[PDB]
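Chemist: Before anything else, here's the structure in question.
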Ligand SMILES: [Ca+2]
Ligand SMILES: [Ca+2]
Ligand SMILES: [Ca+2]
């Protein structure tokens, strides 16, 4: 009891939707050609990081009043240090094949993003705003802008750089932010005021890596895709775009996207929109959330790490350690290493040099 | 009886059938017809009508908005610019019940531009503030907020406010729709951030303030919205306009928005800048937008069963009944029997 | 106001600050425009004989 297919008018075809719902639907098993698409959001962390606090939640997505100390050295408080936002999405664990030494792994291909709440900025009638002139309206949110987001299978690697090492950031033992001297274990030097390879860290926590200290490391971030921009000025305007037709492709020059190591998706962002010119003349920054629409798929990859050697590390018996003289690092005690493979015709110099600069 | 060889070849352009006003929509067309609609949307800046002679002088403007200076804030409706919206009632179409398919409208492309850009060079408004002594008036400049949207269902909004302390006017019939109007409870500091619970659909015209509501990117799968902003005290207003520009509405899969309910929904809002008065006060200003939507007929498949579909209609046509109970609590039914087929007496 | 429309008849007699190209009716003509509104906002302009439209 079915109609003739030649009679039916042609109709286009589209990707078949199987499931739509909350995060619970990630535990659904799927075929190999399936495609998963996650929509989430991240509120900004501008020092005031929670509305549930009874006392000081009135300035959520804001910052306590910013102003220089006037006397060396600077001693800023946690609230005046905007920090990156970050979150992890626990993806479902996929299949693996031992006999081929291969395994599926989640790959991100495209993300759709836009800043939410842009239209809120036209509020020129906040009661404590600073009027541009007598009997006029206030000065809308404008000035400094720092926009940045990143997606990858690893936590975002990042580099440290400070405008002035003289600053004494709040101590970490209070559970607060993480500055450079927390990582290095020693006070910063003028080196840290420029680039310092010693100063590196991975984006572990939310609201604890101040933006004015840490910047994304372009070297190590190879399994992640980060985009950013800046705009610094007294009252420079806030220019922003938003639409749902813009899609950004995350694929690389090899045609592969970020690989979700550990069956986890790592997302991070931060958006500063400008100051809030209070009537008293004080200032305070403001931030807005971001909407993320990650498009994921399944890719087959070879297992790079030997299984047995891994578990061997976990046992003290099969991986004995010793607190001996240094054989790695700056003070290593290995004078030379030579690696031979195969055979060739006899060279005329056992002290082979490879650099023309070395002949002198 | 003409001679084909004698006559020169002429190009082939799409054939026009009918041209006119809204009454055109009632005509019947074929499967491959294409329809264009040209319309406009006046802005809504708190002053939302010219017909009332009491205060219509400040049409497309606000009432001299400025900060109070003392907590809390009690802004008035006429300082709350809101989105514009309208619905076009499209006609009914054909279907093929045998193949369980049918056709509904889709938007494929919209041509648009702002109207009245040229009127901004009026730097001689009699109460416009001079830039300096014996100078000329300060032109319309400052804050801008432009957006427009085309979709088959009304635009889905997201609520976010610069200050939850700001208490908005009570939602009197014909008033502004704010956060606490939706939730039924006073706002919390979360609303200064993102709150998934504070969502709403763009119901009415000129009642959804812009400084509160923003287009929800998740829920809006069936409409296309574009937007921009610049926030400056006196930053200039740059605007372009032409009729050669056209924006495609097709998605990744090559399908536009589908007009659910045989009607397309559109929304727009264009803040153009401040108006500086000699007294020093400041007020915003807007301009209309011209929309030229190109529509076609697309075949689609019915995903829902008919029996569940028809009862829904009956659910709406006949009113709910609050009668004596017949549910398991205190049922007033005492016995139920069911017979199926013949048999022998026990 | 759709009542207020008019064709561009004469020179020097149609104030810019009053009239704008009706988007709906100009279907047999191509028009391009811009604007820049400020007190002392600089004037940026470009010119060449290589570009065409
Ligand atoms: Ca590298
Ligand atoms: Ca969605
Ligand atoms: Ca026309």
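Bear in mind that the values in this text are calculations on the coordinates, not laboratory data. So basically every Cβ, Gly included, is an ideal-geometry build from the backbone, and we count neighbours across all protein chains shown.
Chemist: Looking only at region C:5-27, count how many residues are within 11 Å of chain B (Cβ to nearest Cβ) and out of contact with any strand residue (DSSP E or B) (no Cβ under 6 Å at 6 or more places or on another chain).
Modeler: Here the count works out to 12.
Chemist: Another question about this same structure. Answer yes or no as to whether residue B:245 is in contact (Cβ under 8 Å) with a residue 24 or more places away in the chain, more than 30 Å from residue B:63 (Cβ to Cβ), exposed (fewer than 14 other Cβ atoms within 10 Å of the Cβ) and touching a strand residue (DSSP E or B) at 6+ places or on another chain (Cβ under 8 Å).
Modeler: Yes.
Chemist: Of the residues in region A:219-238, how many are within 23 Å of residue A:81 (Cβ to Cβ) and within 14 Å of ligand 1 (Cβ to nearest atom)?
Modeler: Qualifying residue count for the region: 2.
Chemist: Could you list, in sequence order, all residues of region A:222-241 that are within 14 Å of chain B (Cβ to nearest Cβ) and either over 19 Å from residue A:44 (Cα atoms) or within 16 Å of ligand 2 (Cβ to nearest atom) (or both)?
Modeler: Residues satisfying the conditions are A:233, A:234, A:235, A:236, A:237.
Chemist: Same structure again: I'm told residue B:171 meets every condition in (1) more than 9 Å from chain A (Cβ to nearest Cβ); (2) crowded, with 20+ Cβ neighbours inside 10 Å; (3) assigned to a loop (DSSP other than H, G, I, E, B) except one. Can you identify the failing condition by its number?
Modeler: Condition (2) is where residue B:171 drops out.
Chemist: Which condition breaks for residue A:280 when tested against (1) at positive phi; (2) in a loop (DSSP other than H, G, I, E, B); (3) within 14 Å of chain B (Cβ to nearest Cβ)?
Modeler: The failed condition is (1).
Chemist: While we're here: Any residue in region A:28-48 that is exposed (fewer than 11 other Cβ atoms within 10 Å of the Cβ) and within 12 Å of another protein chain (Cβ to nearest Cβ)?
Modeler: For region A:28-48, residues exposed (fewer than 11 other Cβ atoms within 10 Å of the Cβ) and within 12 Å of another protein chain (Cβ to nearest Cβ): absent.
A quick yes/no check of all residues on (1) within 11 Å of chain A (Cβ to nearest Cβ); (2) outside any loop (DSSP other than H, G, I, E, B); (3) free of Cβ contacts under 8 Å to residues at least 40 places away in the same chain; (4) within 16 Å of ligand 3 (Cβ to nearest atom):
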residue	(1), (2), (3), (4)
B:133	no, no, yes, no
B:145	yes, yes, no, no
B:148	yes, yes, no, no
B:165	yes, no, no, no
B:204	no, no, no, no
B:220	yes, no, no, no
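Chemist: Out of B:309, B:250, report the one residue that is part of a loop (DSSP other than H, G, I, E, B) and farther than 28 Å from residue B:129 by Cα.
Modeler: B:250
Chemist: Scan B:97, B:76, B:37 and give me the residue that is within 16 Å of ligand 3 (Cβ to nearest atom) and out of contact with any helix residue (DSSP H, G or I) (no Cβ under 7 Å at 6 or more places or on another chain).
Modeler: The unique qualifying residue is B:37.
Chemist: Based on this model, can you work out whether residue B:252 counts as free of Cβ contacts under 8 Å to residues at least 12 places away in the same chain, more than 7 Å from chain A (Cβ to nearest Cβ) and under 21 Å from the mean Cα position of the chain (by Cα)?
Modeler: So residue B:252 does not fit the description; no.
Chemist: Kindly establish whether residue A:16 is out of contact with any helix residue (DSSP H, G or I) (no Cβ under 9 Å at 6 or more places or on another chain) and more than 16 Å from ligand 2 (Cβ to nearest atom).
Modeler: Taking the combined requirement at face value, the residue satisfies it.
Chemist: What's the total number of residues in region B:174-195 that are assigned to a loop (DSSP other than H, G, I, E, B) and in contact with a strand residue (DSSP E or B) (Cβ under 8 Å, 6 or more places away or on another chain)?
Modeler: Final tally of qualifying residues: 5.
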